[PDB]
Each structure stands twice: as C-alpha cells, then as structure tokens.
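Protein chains in written order, with the UniProt record's numbering: chain A, 629 to 724; chain B, 280 to 298, 305 to 429; chain C, 180 to 298, 305 to 504, 515 to 727; chain D, 188 to 298, 305 to 504, 515 to 727; chain E, 529 to 547, 551 to 578; chain F, 380 to 394, 397 to 429.
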C-alpha cells in the first residue's frame, strides 16, 4: 500500500446472521444445528477523506498524463450486453 | 494524504426461503454486526485473497468469508528436478506455547441489527505521511 | 410505520385573482405511477442501424441510426400541458388571458407500495424492500424532455400512468450520402465511429445522491423557481403589406355592395412616398417601404448533415409545410377504447399569420422592366439545377438584420412547457419545441428504479445478472406548477375569436360512456394582437 | 525581469494565473522619418484571367514607428504551463494587463566597426491609452514579440490601411479579353491621415530611466476550454428500443420496434406521417451552412466572407516564422504551417445535404430532389450547397477556440451600431475599451550637415537601441470536475511528440500547436 | 474483469511502475587491471 | 524516454546589475547535525 497507519487503523467490520433455529433442535443434540434457510442483504456507505496538493508546472516541457485515446476508448464504456471492465491505470505520472 | 474514514450499514433486511422456491421476510431475527475497533483480531485485509467489495456501484457485492492463519510447524528441504530420492517434507503440528485462539464473541462487542436500525463506525482519523504521486528517473550516473 | 399513508391526492386547480390584473394559477396534479423492475440492472450501450430501409435509394429521410445508453432507471417527466390542465381549464385560460408566465414547480412522491409475485400469479406486499429515487437538482444528466416522444405522464387523472424507461444519446459518426431512385452509385452509408474526444458515460449512481424509500416515507423536491420570459396568448395578423399608413383614397365606393371597390386616384408614378428602389419611380403597395420585415422564408424541406447524420432544419413559423405535426397514444389523448396501433395525429395550423407562401414570390432583374420578359424574372415555377419540382424558393433565405418573428405558440395537450437553454456561448433566439426557456437551470429531472430484491442466488462470478425476485412498485406522484397571467382586454369594436363547445365538437369532450375519453387539440392563441 | 507563472488559488476553486513575460527588444532607427502614402499593387497577376483571389491592391500609410504588441498566447505562456491551463481548467477570464520597460540602451556605429554609446540621445515611446490609433493586432501577420524569453526580438514597423476604391469584375480561364480591373483612387470624404506625434504624447527615455503603464482591467465574458459534441441528431430523448440485443459484438445491432409510419412523436413538417430521427423535432439548430468560398466585392475590392466554424474548409490555417515557433535551426524562407482542426462538432458536411419537394413522396424520384451532385447555373462543379445559407433564428454557435501559440488573445469590438456576435480571430472581445497599444521610435542623431532646405531625407548618424520589456497578464479560471465515469482526453508527452518540446543539438527550439478545447461538455 | 465473460480464468496484469538491471554490472579485483583479465572479474554470465 | 523529460531554463523558473550597484542574498540558516573530530579506535582486530 502507499499508506500505513502508525498507531492504529480503522476497525475490521464483521457480519453474521443469527441462527433461525428450527423447533426440532435443542442443545442436547450431537449434530450441527438445524436451521431455516436464511439470508440477509443490506446497504453499506462510507466516506474516505483525502487531502491533496495541486501540482504546478516547473519544467518547460509538458508532462505525461492519463488520457483516453482511440485504442483504450472502449475499456471505459459498457458493452451491448451490459458488460463493464475497469482496466488498470498508472499512478505516479509526473516527473519529480 | 489520508484524513478521515467512516462507515455505516443501513436499510437491513433479513429473509428466509420456503421450498419451487418462495421468498419471505424475517423481523425477529437479527443481522449480527461487530466492529474490531481496537484491532484486537488478527489484522487480515481481503485484498490478500482478492475479495474486497465490488467496484461497480450498480451491482450487489458479497463479503469475504473470514478466516485467520494459525500457528503451525513444518519443514521442507529444497531439491531440484533430476535429483534422486525425496527430500524431508514433513508437517509437525504446533508449538502450543505460541498457539493463540481468537473468537469474535469474546473479543469485540456485537450489535444485533434488525430491519430498522443502523450501525455507524465512528469517524476514524489517520497519521499517514504524504504520498507523492510523482517519480524520479535519475540513476547514480545522473547525480551532481 | 407502514400503516399510515402520508400524502394527499390532488388535481384541484385553482385561480387566485390577485391585484391589478394578474391571476396566479396553481395547477395541482396527481397520478398513480406504476413501475416494473428494470429489464436488467446493467447499463447497456446499444447502437441502431436501419440499413435495410436506407440502403434502398431515395429513402434518405427514413434514417434512424444512433447510439444510446439503455439505463436501468426510469424517468418521471411532467413537462407537458396535458399533465396539468384539463380542457375546461384550457378553455378558460385561452379565452380570458393575454400573457402567461411560469413561476414555480414542485414534486413529491408519497404512498409508495411495493409488491412481489408468488405462485396462477398471486401477489403480496414486500413491506421491507425499497424504491430508489433520485433528483438531478444540478442538471448533471442530459436533459431529455419526454414530450418529444409523447412519453410524459398520462393526461387523465383517473387512469393510472407508467413512466418512460430512460436513455440518452452517446456519440456516433456516420455519413449518409443522398441518392435518388435510379442513381447507380449505391451511396456510402457507414454506421461506425465513436471518437475518444467525445465519450460521455453518465450514471445515476455516481452523479447524484439517491434515497432508498420504503413503504412509509416521502420524498419532496423543494420549490424550484423559473425565471422565464412571458408567453403571448395572442397572435399577429399584419404581414408586411399591412404595416404602417395605407394610401389615401380619392374615390370611395358609393354603393353598399362588396362587388364594388375604392380607387386611389393618383397614377402609380405620380404618387408620393418613400421606397427602397433607387432606380425606379413607381410607388405600389408591393413596393412601398415598410419599417422592417415580419416573418422569414427558409429553405423548405432542407436536410443537412453534420457528424451524427442528417437532420431536418427547423423553421420558426408556418403558413401544411412547416407547422408541427403531433402523434400520440391512448395515454395521451387518443380515444382510449379504440383498438389498433395507429397513433392519433394532428397538425397544429397556427393562427400566427407571419408565415410565407412559396408559390407567391419572385425575383426580377435590377433593370426592373414592369411587364417582365421571361429572361428578366424568376417565377416560382421555373426550374433550378434542371430539376422540375424544385424551384428557387427551396434554396432561398431572407433572414436578415431586419426580420422580426413571434415565439412558438403553446399547443395543448401534447406540447412542452419548459425547455433548457443550450449551453452554447451564443444562444439561439427561440426554441421550436417549447414556449418558455429556462435561462439559468430547469427543474431537476426525477428518476426512479425498483431497488434490487435479490434472491439467495448472487455471486461475484456469475456471468448472468442477479436472479431477481419479480417485483413491482406503485407510487402516487404529486406536482404543483404555478403560473402567473394577465387578463385579456377589449380594445376593438368587434368581438375576438374564442374557444367554444359547438354542437359538432361536443362529443369529443363528454365521455363516450362505452368507457372512452379523448382529448382533442385546442388552438392556444385566439385573440388578435397589433404588431405595429 | 520576470517570466515565472504563479498559480494562486482562491476560494471555491477559482485560480488566478499571474503570467509574467519579459524580452530583450532590439530597434534600429527608421529608414526615414517620412510618413508615406504608398499604393501597393500586383496588377499583372490579378489581370491574368482567373486570378481574382490573389488581388493584393491596397493603400497604406507607412509610418516612422514600430509597434510593441503582446497580443498572442505564445508571448505569455510556455508549453509546460499551457498544458496545466488546458487540462485542469474549464473556464477562463482575463483580469488585467500592464507593461513596463527598463534598462534602455542606445548606441551608434562608426568605422572594423566601433559601437559607440550615446547616452546624450533618447528613445521615443508612446502608450496609446486613449485608444486613438486604429487597432492593428500583430497576430494576423505573425509579427508579435517573439515566443521565447531568451533570444532577442524586434518590434514590427507600423502601418495602417488607407482608403481605396477598386473594382475587379471576375473572369474564368479562357474568357475573352480582360474584365474591368481598375483602381479609381480615393474618395475625399473618407480620408484619414494620422500621425503618432499628434495622436499620443511621447515619452523620451535614456540609459538610466524606466517606463510603466497603469493596469488595464478587462471586462470580458468567459472563454470555455471545453467543446460541445452534440449536434441536432443527439439532442433530446432517444427512441425506446423494444428489441434489445442478446450478444456482444458490433454485428448485433439493436432494433427500434414499431414500423416507421406508426411511431409516436413530433415532427416540424407535417404533410406526411413518418417520424424518424432525421425528421423528429429538435429544440434548435447547432451551427449553420454558410456559403462556402463565397467572395464578396466591397468598394475596396474583393474579400472572403468569413465562416463561423469548420467541418478542410473554414478551419483556420496559421503561417508563422522562426521568431514565433518554426524550428529556429531551419534555414530558408518557407514558413511553417498548421491547420487547426478544431474539436467542435458545430460544423456542417455539405456532401450529405439534400433538398426535396414539399409533397414528400417517400422514395424520391429525380425530378423531386436536389443533391450536391446536381449542377446550378450549368456549372458542373458548383452545386447548391455553395449558394445555400441557413443562418436562422434557431442557430446556435460556440465562440472560436484559443489557438496556442500563434492565436490572438484579445480583440476590439467593432464600432458599428449592430455589432457582430463573435469574432473569428480572438477568443476574448473587449467591449468598452481595449489595451492601449505601445509604439516605439528612435530620436534622430542629426549630423552637423543637417539643414531645413535640403529636400532629401535628413542626414543622421547610424543609430540603434535595445531595451528590456516586461508584461504582466492576469487570468482567472475555474477547475474542472469528474462529471462522468470515463476519463476525458488530455494533452500529453508521448514517444512521438517528445522532441518537439526540448532543444536541438544547436539549442534551437520549436513550439507546436496545442489543441485547447480539449474536454467534452454537455450541450443540452 | 469483464462482468459478462464466462470462465474460471482470472484476468492478470503487472504494474510497470514509473520510476535494477542485473545483466549490466560486474565485480572486479581491487588491483584494477583496466583491460581486465578473465580471473580478475566476476560477471553475470558466470556460473 | 518520454516520461522522463525534464527541460529547464533559468529565465522561466527564477525571479540586473551594473557598475555602481550591488546584490545580496538573504541570510540562510542550517539545521544539520554537528560534525565531530573524534577518532574511533576499534578495528577488524580490536573490539570491545
């Protein structure tokens, strides 16, 4: 990663479904618990916040930059049957 | 820089399946949720197994089924193809004085969420140094 | 909780006759709106190519090629007069008002209900699941007025409504070279190209915030205020001959009968006056100067081509060869008990007399012989380019610094109310499609989508989309469009034209008690207005 | 001296660009102090039949002054800075402009040659803060101050058009005789002779003193660094596709559902039923067909009727020299040239234009349609799309992009009562008043041999000057945002274009055209 | 990966980050015989 | 290589003199750790 938390990081978030125990089960059984077929779905939301410094031009020459071109164009729009992709993108472009 | 982070889980629904299949709601049972707020459990991000939440907004996602990697004892002497015989390749179990067992239910508080309530991770903050999105070409030949 | 409804149905439109000759018209409206789930949640890029009907020569106008991003969301668009005012209201406003403004607009969704299908089909409420709703309050999405396809909400209060599935244009290249029946060349027609310069893929989920409603809570767009210019409910009759002072008459008709006429006494070259003919002495009403030109001629049935294919050049006014033609279905005014697929159709023959008559006009040489020889005059029947049916008026254009024009009239029920300004640096002077143009921003388009009601069958790896429980939603939309309008006046001695229920048209309004209703079109501009 | 550019940041995402530019400026004394009324001619070439387009006849007042003009982009921004301006920002406004001049030098030549110092004499300078002199922007002739800081540059000798009368009746190859091709002199009512000496007060400068302006403040409306891609066909709501595809691959097109004559919608023209994407009503018109390569005759001879946006025709072609961006190591006199194929889709494509008769019988027959293939006036080349004009009240246009480095920045609004809606040459047009031009001249080092009775030019010692110049030009601009899931186009250094931006072995340099309006914008 | 492809094969890539060359360097004897003799230099070619 | 290009000029980056006038810098201050003249006596043979 580019960042590492020195003291501590944000907490690890765990989720589990409480058992829908059937009436036939009781704890004296040796076998695994008999449950009703159950599933849960939920909506998640979060907000990372970054601080960033806008660059400034110090060379005379223009720097390399990330750009759509004729070749890579269709990577960034869906297909007929609803496909999507996310092609990788380089991340330390400007010459220091 | 990293500055702040938060989460919330909201608009929960729990459901059950009746056998064709028919789909029904649940309200008495709960979605169990726990936040390891002090990094007590072994720190194990999902990118190691490549199972973080999906990247497209307009699609459901699955959370990774969690496991943590235990203590164990094993030896393997190297060899290369064309060598005769078989190397010493044995598993020995565990060092019981280094073994540790972790469980959520005694390590972390649990919220029994239901179809009607939220859980909100508090606004965390970071101490991270500047990342710098630029690169250097100068080798040792190009110094001075 | 679930048990309590939240909002009240209301179509009761009311007239507040405020002070000093202005009336504030609160067009409340309400409908029941029915959504099915999307066909699939994935955004699809689709491209259409009717090579079949446009490989045949001479079918240049039939072209339908385009690309569009078929989108899971649906659009709830009220931008049509029929959604707001009933025929009694329109009778009133056209007969009694002169000028009209657009003040403010509001929306709220309430009483949302969501249902799923279980085995014949048996239907139940899913009290836990959700409807997604999203307002583009900043107009980040491209403006897509549904009236141009007759896809607004339905114009009847009592009958339910279905909202249009949303889609928007995505850039394409095409050249279609024209050809006639009997051209050998088999012209170039190539369906392909998207430039990287121009790609714009917009998604609701990223571009705007979204609310996840449940059966029990409401969404309300706050009061958005328009800024627009006035619209005139009155029409101008003076084409250029009827402007200014008429000539003086020396011999008035002595009889009462219309078969006799009055005479100018002074011979045509002895007359006084001002002219725009530097080398000719005759003064005649076809030649006397006038302050400026009313109306403008334009090349009629001109198609022109830019990067995205050929298109019809719009014209600001008509004399039918320029007046708009409308087409619409059961939900928008066709007699609802009719079988069959053919949309009802009308052409709005506007009363605005500032049109042109391309069989009436000619050009003649600067020497200006009065009895023109054939070589010194270009009649509208003469060929151009050797073609027999094409004449000079098809190429002609008189638009100038001098040409005055009226705005497009309202048209009831199928016409638009508002449109958005083009984001060009140089703005056009009028819009052919709507009377009012939002200068700053238009009201946010409102989008809706049944929240995915997943089965237990979803995974990261499945190539197929998620296995959806078949789910549908019905919600009660309510809108409040507030107009402001001045009352008419009575300058003339003799009464203006007014809308009325003449005995023949009567049973186009009162319900054909077999079950049907219709909504016949009404002229919007009735009274005359003096131009100069 | 300064040539740094500073990007100060303001509240809410505006940015202020303080562009500094400085130069070492060289000026020889005039050939003569005589104002000259020169009539200029190419009589034989324009009198050969068919050569009307090359008609150069004009009259001008040659002046004993030079013009210091900073009115082009390359004076102020370098390729590195222009990248950041183009690719991060959506809108741009001019704020303010000032000049100042410093470290004047003044010398004479004597006889190898000895280059004397002449601290006694003076350099002559005139700031036209009163906007008296007719505006004569050097960008159109590629004569601005040079687009590099380091090497010196020369200010161009100044001149302005006099009035003239000319007629040139056109004729084709093989027409009989020579058509009426005459210069009729000038009308007395139109005459305008100006002199700097009675238009502007003149400062005298020496080695040891300096000059500075006040800050001109601009009133201009925004230029946009983004382009509109939608034409008429892409406005509004697409038709609903009843039969969506079932496979990937471009061969699997989608099919709009119900037949042509039975679809719903609105059409502007209505004697026939068909609602199609060509015929569906759209809110307005983007662009317009201008009559292409129309030349019109004035009192002062023929001229090209300009066009608002191009599709090559109508797109601007710049010709420029070594001081303004041609590779300075080159020898010879052929100027470098580029045609700026602008990004805007506001143009028009004449080969797809067609007209058809009112009746609209659907598969059209030859006698009821007019095509670009078809003659007008018997001329087998010229077709109706040349004489066509569809400027109308519904036409909408986008002001001209910036052209870097040769393009002009600001330009003056014409004094006419009815003013044009856009200018062809400059993105910004200044309404109330415009930057005062700056003129420079060298005072005569008269010989002792001068007297007023001699009718030849005044005898002078060979004199020349150089001086350092410093302009400061301030812009305000707005930063863009990620309105869309895809990345936009951007300017970049790549394997092919890298050597354009870095010097040669001899240390010469070049500057290459950078497409400005580079990000897409939602039109409707 | 393309959401609509079938199959179990993952998509792979490597980050050629903008920023050693083992084939291009050597270790030699301290005495520094400039036209170096075989025994006095160790090269990447050498087993 | 195109990513690596860094062309610089004094005139475009950095902010005149004659006989009888002068130039001066601002006064700089360092924050370096001190240099020391001590001799470490432990060697490959001598340790502890």
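Here a beta-carbon is modelled for each residue, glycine too, at the ideal position from N, C-alpha and C.
Quick one: which residues of the segment 652-685 of chain A get their C-beta closer than 9 angstroms to a C-beta of chain D? List them in chain order. 682, 683, 684, 685
According to DSSP, is residue 308 of chain D helix, strand or coil? strand
Determine which residues of the segment 537-568 of chain D have a Cβ less than 8 angstroms from any Cβ of chain A, and write them out in chain order. Among the residues of the segment 537-568 of chain D, none has a Cβ less than 8 angstroms away from any Cβ of chain A.
Helix, strand or coil for residue 204 of chain C? Go by DSSP, reduced to three states. strand
Residue 702 of chain C (DSSP reduced to helix, strand or coil): helix
In chain B, what lies closer than 9 angstroms to residue 645 of chain A by C-beta? 293, 314, 315, 316, 317
Taking 8 angstroms as the CB-CB cut-off, is residue 194 of chain D touching chain A? So yes, residue 194 of chain D belongs to the interface.
To the nearest angstrom, how far is it from the Cα of residue 547 of chain C to the Cα of residue 327 of chain D? Approximately 47 angstroms between the Cα atoms of the pair.
Counting along the chain, where does the alpha helix (DSSP H) carrying residue 266 of chain D start and finish? Where residue 266 of chain D is concerned, the enclosing alpha helix (DSSP H) stretches over 266-275.
Cβ neighbour criterion (16 or more within 10 Å) applied to residue 443 of chain C: exposed
So with Cβ pairs under 8 angstroms, would you call residue 351 of chain B a contact of chain C? no
At least one CB of chain A closer than 8 angstroms to the CB of residue 296 of chain B: is that the case? Answer yes: the Cβ-Cβ gap between residue 296 of chain B and chain A drops below 8 angstroms somewhere.
Inter-residue spacing [alpha-carbon to alpha-carbon] between residue 707 of chain C and residue 242 of chain C: Cα to Cα, residue 707 of chain C sits roughly 39 angstroms from residue 242 of chain C.
Cβ-Cβ distance between residue 407 of chain D and residue 687 of chain A below 8 angstroms: no
Secondary structure of residue 261 of chain D, DSSP reduced to three states: helix
Scan the segment 633-718 of chain D and note each continuous beta strand (DSSP E) run of 3 residues or more that stays entirely inside, going in chain order. Every beta strand (DSSP E) stretch that sits fully inside the segment 633-718 of chain D and reaches 3 residues is listed by chain position as 641-645, 666-682.
For residue 280 of chain B, which residues in chain E fall below 8 angstroms Cβ to Cβ? Those within 8 angstroms of residue 280 of chain B in chain E number zero; the least Cβ separation is about 21 angstroms.
Work out the CA separation of residue 638 of chain A and residue 674 of chain A for me, nearest whole Å. 12 angstroms
Length of the line joining the Cα atoms of residue 537 of chain D and residue 221 of chain C: 57 angstroms
Quick check on the DSSP output: what are the complete alpha helix (DSSP H) runs of length 4 or more inside the segment 200-256 of chain D, in order along the chain? 230-234
For residue 393 of chain B, would you say it is in contact with chain C, using Cβ-to-Cβ distances shorter than 8 angstroms as the test? no
Does the pairing of the segment 259-266 of chain C with the segment 229-245 of chain C give three or more beta-carbon distances under 8 angstroms? no
What residue from C:643, C:677, C:608 has the CA that sits closest to residue 333 of chain C's CA? Checking every option, the nearest Cα to that of residue 333 of chain C belongs to C:608.
Based on the DSSP secondary-structure assignment, which residues constitute the bridge partners of residue 374 of chain C? Residue 374 of chain C pairs with C:361.
Using 8 angstroms as the Cβ pair cut-off and three pairs as the minimum, do the segment 695-705 of chain A and the segment 382-391 of chain C touch? yes
Take residue 492 of chain D and list the residues in its own chain whose beta-carbon comes closer than 7 angstroms to its own, dropping the five residues that flank it on each side. 358
With 16 other Cβ atoms within 10 Å as the buried cut-off, status of residue 605 of chain C: buried
Of all Cβ atoms in chain C, is any one closer than 8 angstroms to the Cβ of residue 719 of chain A? no
If you reduce the DSSP assignment to three classes, tell me which class residue 610 of chain D lands in. coil
Between D:521, D:561, D:590, D:210, which has its C-alpha nearest residue 553 of chain D's C-alpha? In this structure, D:590 is the residue among D:521, D:561, D:590, D:210 with its C-alpha nearest to the C-alpha of residue 553 of chain D.
Going by DSSP, what residue range makes up the alpha helix (DSSP H) through residue 389 of chain C? 389-392
Under DSSP, the beta strand (DSSP E) around residue 542 of chain D begins and ends at which residues? That run of the beta strand (DSSP E) goes 539-542.
On the three-state DSSP scale, how would you describe residue 193 of chain C? strand
Here's the rule: buried if 16 or more other CB atoms are within 10 angstroms of the residue's CB, otherwise exposed. What is residue 423 of chain F? exposed
Within this structure, are the beta carbons of residue 265 of chain D and residue 391 of chain F separated by less than 8 angstroms? Going by C-beta atoms, residue 265 of chain D is nearer than 8 angstroms to residue 391 of chain F.
Determine whether the Cβ of residue 396 of chain B lies closer than 8 angstroms to any Cβ atom of chain E. no
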